[PDB]
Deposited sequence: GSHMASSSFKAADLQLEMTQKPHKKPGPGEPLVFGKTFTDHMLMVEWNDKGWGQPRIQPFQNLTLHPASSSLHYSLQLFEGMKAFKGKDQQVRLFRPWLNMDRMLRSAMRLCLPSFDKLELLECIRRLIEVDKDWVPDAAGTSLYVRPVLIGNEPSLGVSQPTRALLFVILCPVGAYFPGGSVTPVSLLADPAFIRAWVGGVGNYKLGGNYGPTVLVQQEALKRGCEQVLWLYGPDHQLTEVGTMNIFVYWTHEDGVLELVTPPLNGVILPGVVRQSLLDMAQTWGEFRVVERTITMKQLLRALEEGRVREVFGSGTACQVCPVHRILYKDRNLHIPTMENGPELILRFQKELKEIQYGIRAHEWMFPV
C-alpha cells in the first residue's frame, strides 16, 4: 500500500541558499537545492511523504544500504522553457524503471504516479533553482535504500525513499570523446543486474574509469562476450549510424538482453528515428569485428552515446588492442547527432508541444 501525494508535509527552509552565480561554472552533482523529498517505510507500510530542507541522513550503523548495497537510484531532468515553465522529460519511464529496480532488490513497491506527483511538488517548491540558460537543466535524483538495522542478508523491513535536485549545466558534449576498449573489464553479465539502476553496478567502475584516464581515454567502452560486443559507453547507451553489411543505411543500438541498461534517451532516440521513416532502426548486437570492417570499408558515419547527463555524446576514437581506431563521427557533421540534439531540445524546452513532456 503506497504513500500518497495528498498526504504531503511541507516544511520550508528557514534560510534559503544563494543560487549559483549566472555564468559561473555549475559543476554536475556538486550543487544542491533547498529542499528534498523523504519517505520512510517500515512494518506499518509507507509513512507520509515530506518535502523538507536539504538535510543529512541519520542511519543505523548496520543499515543494509551500507552493508549489502540495498540501494537503487534514478536520474532524470526538468527543463525550464522560455515561458519560465518547467517540464520533466518522460518521467513515467523513470518511475517504471525505479519500480523494477526496487523489486529486484526486494525493496518496497510504491505507486509510480504518487511519487511523480511528489517529485512534481518538490520541483515546484524549488522551481527557481531550475536554470534557464541554454543547455542547462535541473537534474533530479530519486533514491530508494534498504535501512534494516541487522547484519542478516534479508528482505528489509525498513526503507527510505528520498529525492534530491541539482542545477546542472553540462557533464563533459559538442566535443567528442575517446574510449578505452579493453575486454578484461566486464560491466555486467547475462542473468546479472546490469539492466537495473542499482548502486552496486557503479562502484566497481571507478577503478576502471581511472585506468581509462591513465591510458589516455576519457570513457570506458564496456565490451562483452568472446566476440567483444559493444554494450555501453561509461554510463551511456551506445548507438552506431552506419551502412550495414547488406548495403542498407541503419541506426543500431544493442538490444535489451540483460547487460544493457534501458536508457530513456536511448528509447527516445529509437522512437524519434522510427517516426522519421528515413532509414532502418534496429536493435542488434554490435561486435568489434563488425565495427573494424565497417570502418575499413568506410561504412561508419557516427558513433555516440546516449543518456540523461550527456543527452547525445559524440565518439571519435576507440583505443582497442593497444591501437587507436579513428571514428569519423565529427567529419560526418555529426548530422544525425546534431539532428537528434535539435529535436530533443525543441521538445524538452517546449518549442514543440509533445506528450513526452510532463509539466511542473
Provide the list of deposited-sequence positions lacking C-alpha coordinates, grouped into contiguous ranges. 1-6, 179-181
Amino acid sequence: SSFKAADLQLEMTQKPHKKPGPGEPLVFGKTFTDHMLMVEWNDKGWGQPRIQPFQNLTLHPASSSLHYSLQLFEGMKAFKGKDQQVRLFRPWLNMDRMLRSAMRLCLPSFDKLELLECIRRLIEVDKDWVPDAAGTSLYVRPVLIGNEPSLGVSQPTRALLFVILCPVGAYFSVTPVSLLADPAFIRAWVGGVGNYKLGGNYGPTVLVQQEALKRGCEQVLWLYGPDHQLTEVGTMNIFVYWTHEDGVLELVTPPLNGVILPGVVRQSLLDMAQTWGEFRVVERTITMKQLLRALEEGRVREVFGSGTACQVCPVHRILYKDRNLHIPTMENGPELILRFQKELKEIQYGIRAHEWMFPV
From here on, numbers count along this sequence of modelled residues.
Quick one: across the other PDB entries of this protein we compared, is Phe172 left without coordinates in at least a third of them? yes
Taking the other PDB entries of this protein that cover both neighbours, check whether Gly23 lacks coordinates in at least a third of them. yes
Avg C-alpha B-factor, entry values, 122-130 vs 264-272, higher side is 122-130
Which of the two stretches, 234-242 or 133-141, shows the higher mean Cα temperature factor in the record? 133-141
Return the residue from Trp41, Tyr68, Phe304, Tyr320 that has the highest Cα B-factor in the entry. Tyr320
Taking the values straight from the PDB record, which of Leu223, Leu88, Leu213, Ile286 has the highest C-alpha temperature factor? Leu213
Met330 by Cα B-factor - lowest, middle or highest third of the modelled chain: highest
Compared with the other modelled residues in the chain, in which third is the CA B-factor of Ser154? highest
Chain-wide C-alpha B factor ranking for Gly169, given as lowest, middle or highest third: highest
Relative to the other modelled residues of the same chain, rank the CA B-factor of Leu59 and answer lowest, middle or highest third. middle
State the tercile, meaning the lowest, middle or highest third, of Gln341 with respect to the CA B-factors recorded for its chain. middle
